[PDB]
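Next up: just one chain, as structure tokens, the form deposited in one PDB entry.
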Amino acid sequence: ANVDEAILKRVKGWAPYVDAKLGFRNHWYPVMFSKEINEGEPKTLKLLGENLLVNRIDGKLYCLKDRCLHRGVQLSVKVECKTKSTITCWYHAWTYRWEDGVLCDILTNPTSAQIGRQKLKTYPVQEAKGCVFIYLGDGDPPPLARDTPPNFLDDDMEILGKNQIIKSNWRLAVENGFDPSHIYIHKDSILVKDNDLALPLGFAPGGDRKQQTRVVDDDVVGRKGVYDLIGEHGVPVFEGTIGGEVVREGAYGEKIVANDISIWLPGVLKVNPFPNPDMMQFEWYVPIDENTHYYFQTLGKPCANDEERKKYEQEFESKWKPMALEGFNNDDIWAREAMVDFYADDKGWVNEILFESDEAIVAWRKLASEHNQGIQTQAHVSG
């Protein structure tokens, strides 16, 4: 639907993924932190190409599409919350209920036959772990758990994150995240030197293609993901050679991190443990539009008591945010931006030359293709 049928015929084994330029409809996506939206202070954002309004009313989050039914203006151009449970379009004062999006009044024609006969599109919103998730899909939402990686919703898991807008397609971000050989870009990271990480340049893989990955379609809560197992067998590269001569050493720290790396629909990476043995990184690559994504980064630590919470909160601010989320992952931002041009025309998908460590990326593309809950299209954005 989104990509020239020419290209899609050439990528048979994962064509729906190559079509999914605007992301996957009928999933939950994190868009902002709970503390970023206050009572009666609506925030505007774009998710899967759609402009959305989010309001906190009596502490509960509500989501309306930020496009008036009348002349298609963004309500957020000038917000007019005239009662507590409504928003009034600034233009001809069509008035919508936050609760169901029902056109309930029109201040400029209070007898209009449209009143009570039209519905502004709403999306479910749920807050979990201090994160705002929107279900960008139609009808009754599934449980959040289905669209989160394992352990993110554990009772004791304390989540602290950072969010920013990155100018790459969401898929270049996923494949950067789930890439076993990409750790090459991280070899001079301050995190690797200061936190004395064990980090190879890469992996010479071992065993057959089936041993590289473990596809999880078997999860009780209905998660879809792929674990990378390139190491479980593979020989780590700590001495990078050219013509036999050794030109670069990996890092020989004592701290073992990234034992397990997994990627889950709709596009959330879990790296455990990282950046410390006492932690997990969960990061989403949320589609804003075809060119843009939220890099929604979270660090999880199990905490038992509020003193452990507050110690973690301090360590996040002083150590992990600036050293890991910025000073490790910043290289991941540059990497994603560098792939934009080769995939810009949708032709990257056919002219790329993959090697063995991309077996992981291939399984994710197949997983993504068969188990996605729908392909967002310009039809969803416009019509």
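Residues that one form lacks are left out of the comparison. For clarity, a rigid core is taken as the largest C-alpha set superposing within 1.5 Å between two forms. Residues carry their position along the shown sequence, with the first being 1.
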Going by the entry, of stretches 81 to 89 and 306 to 314 the one with greater average Cα B-factor is 306 to 314
So, looking at the entry's B-factor column for Cα atoms, which has the higher mean, 173 to 181 or 211 to 219?
211 to 219
Among 165, 153, 192, 136, which residue carries the highest C-alpha B-factor recorded in the PDB entry?
192
Using only the C-alpha B-factors in the record, can you name which of 197, 145, 132, 269 has the highest?
197
Taking only the Cα B-factors deposited for this chain, tell me whether residue 292 sits in the lowest, middle or highest third.
lowest
By its CA B factor, does residue 377 count among the lowest, middle or highest third of the modelled residues in the chain?
middle
Hey, what third does residue 364 fall into on Cα B-factor, ranked over its chain?
lowest
Compared with the other modelled residues in the chain, in which third is the CA B-factor of residue 100?
middle
Ranking the modelled residues of this chain by C-alpha B-factor as given in the entry, is residue 276 in the lowest, middle or highest third?
highest
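Here the subject shifts to the form deposited in another entry, a form of this protein not shown in this document.
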With the two forms fitted on the rigid core, I'd like to know which residue in 137, 250, 231, 101 is displaced by 2 angstroms or more at its CA between the shown form and the other one.
231
Relative to the superposed rigid core, does the CA atom of residue 306 travel 2 Å or more between the shown form and the other one?
no
Does residue 116 move appreciably between the shown form and the other one, meaning a CA displacement of 2 Å or more on the superposed rigid core?
no
Does residue 222 move its CA by 2 angstroms or more between the shown form and the other one when the core is aligned?
no
With a 2 Å cutoff on C-alpha displacement after fitting the rigid core, which stretches of 3 or more consecutive residues move between the shown form and the other one?
206 to 212, 229 to 235
